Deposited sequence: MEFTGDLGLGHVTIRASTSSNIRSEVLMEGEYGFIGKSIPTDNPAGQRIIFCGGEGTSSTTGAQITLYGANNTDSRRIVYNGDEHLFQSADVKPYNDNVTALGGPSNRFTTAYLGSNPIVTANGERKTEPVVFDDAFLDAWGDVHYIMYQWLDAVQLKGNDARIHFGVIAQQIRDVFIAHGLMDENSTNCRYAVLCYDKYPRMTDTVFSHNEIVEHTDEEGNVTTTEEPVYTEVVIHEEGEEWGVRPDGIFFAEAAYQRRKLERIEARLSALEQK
């Protein structure tokens, strides 16, 4: 219930550091949060918004960055810690990454077991993997690009046929990755209602209060995925053997 007046309004915080927080709400602690907004209103149609969720909130310690552009200037977009958190998720995939150069994969000092050749039994299986062209039903419905890849289930049906994986829950090989995700809810702005106020004398006045609703973003679910790079490492090992053996049958027969 305050407005900072000015060309520009300024709030300057003194001390060693400044703190702008949200007290534990008296009557609905589950919605505890601050909404920072570039616009006039509590609705995000009003301007860009960043929302910090209190620990007492349904979606606890959540942050939602809401804008039509998220531009990170002057520095890499990094994880705080090394190799603990990820980009995206099973039910939060980015459509793609646009890169100036090919991804770098590294262990950063972390050490592996002793490197091991692709056992022949595994190669026999890998031969049954199919490299296919496909389309999305959704896309074709609107017209539509063809994509190249390998159906996760296709690799899975093969992993089973060759006894490598029990009919997942878990999987021995990271190239085929199964995940199981909860449902994602969020409390978001709906509209502002009119609320009537009448005194004991009986006169009626109105004010505008915003209405927030809990909304489902996506439901519970599971998913199978693959690691293309892993697939290509295995294909490499695969074909190299097919080349080793073919050059033996070329020699014994040349002479």
Open item on the list: Going by C-alpha coordinates, which parts of the deposited sequence are missing from this model?
Closed with: 1-10, 17-21, 159-161, 186, 275
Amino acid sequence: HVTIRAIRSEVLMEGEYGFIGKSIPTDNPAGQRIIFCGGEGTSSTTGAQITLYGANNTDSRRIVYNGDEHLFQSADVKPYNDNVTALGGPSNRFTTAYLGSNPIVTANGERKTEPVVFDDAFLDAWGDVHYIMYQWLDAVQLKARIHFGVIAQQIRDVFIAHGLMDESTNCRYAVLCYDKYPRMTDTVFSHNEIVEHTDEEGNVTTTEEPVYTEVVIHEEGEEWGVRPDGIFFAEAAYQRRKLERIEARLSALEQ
From here on, numbers count along this sequence of modelled residues.
Task: Of 181-189 and 68-76, the stretch whose C-alpha atoms average the higher B-factor in the entry - done: 181-189
Task: Residue stretch of maximal mean CA temperature factor, 238-246 vs 20-28 - done: 238-246
Open item on the list: If I read the C-alpha B-factors straight from the PDB entry, which of 103, 88, 100, 115 is highest?
Closed with: 115
TODO: Select one of 168, 95, 135, 81: the residue whose C-alpha shows the highest B-factor in the crystal structure entry.
DONE: 168
Task: Where the record places residue 139 (Cα B-factor, split into thirds across the chain) - done: middle
TODO: Check where residue 203 lands among this chain's C-alpha B-factors and tell me if it's the lowest, middle or highest third.
DONE: highest
- [ ] Would you please rank residue 158 by its C-alpha temperature factor against the other modelled residues of its chain and give the third it falls in: lowest, middle or highest?
- [x] highest
Task: CA B-factor placement of residue 121, once the chain's modelled residues are sorted into thirds - done: highest
- [ ] Could you say whether, by C-alpha temperature factor, residue 151 belongs to the lowest, middle or highest third of its chain?
- [x] middle
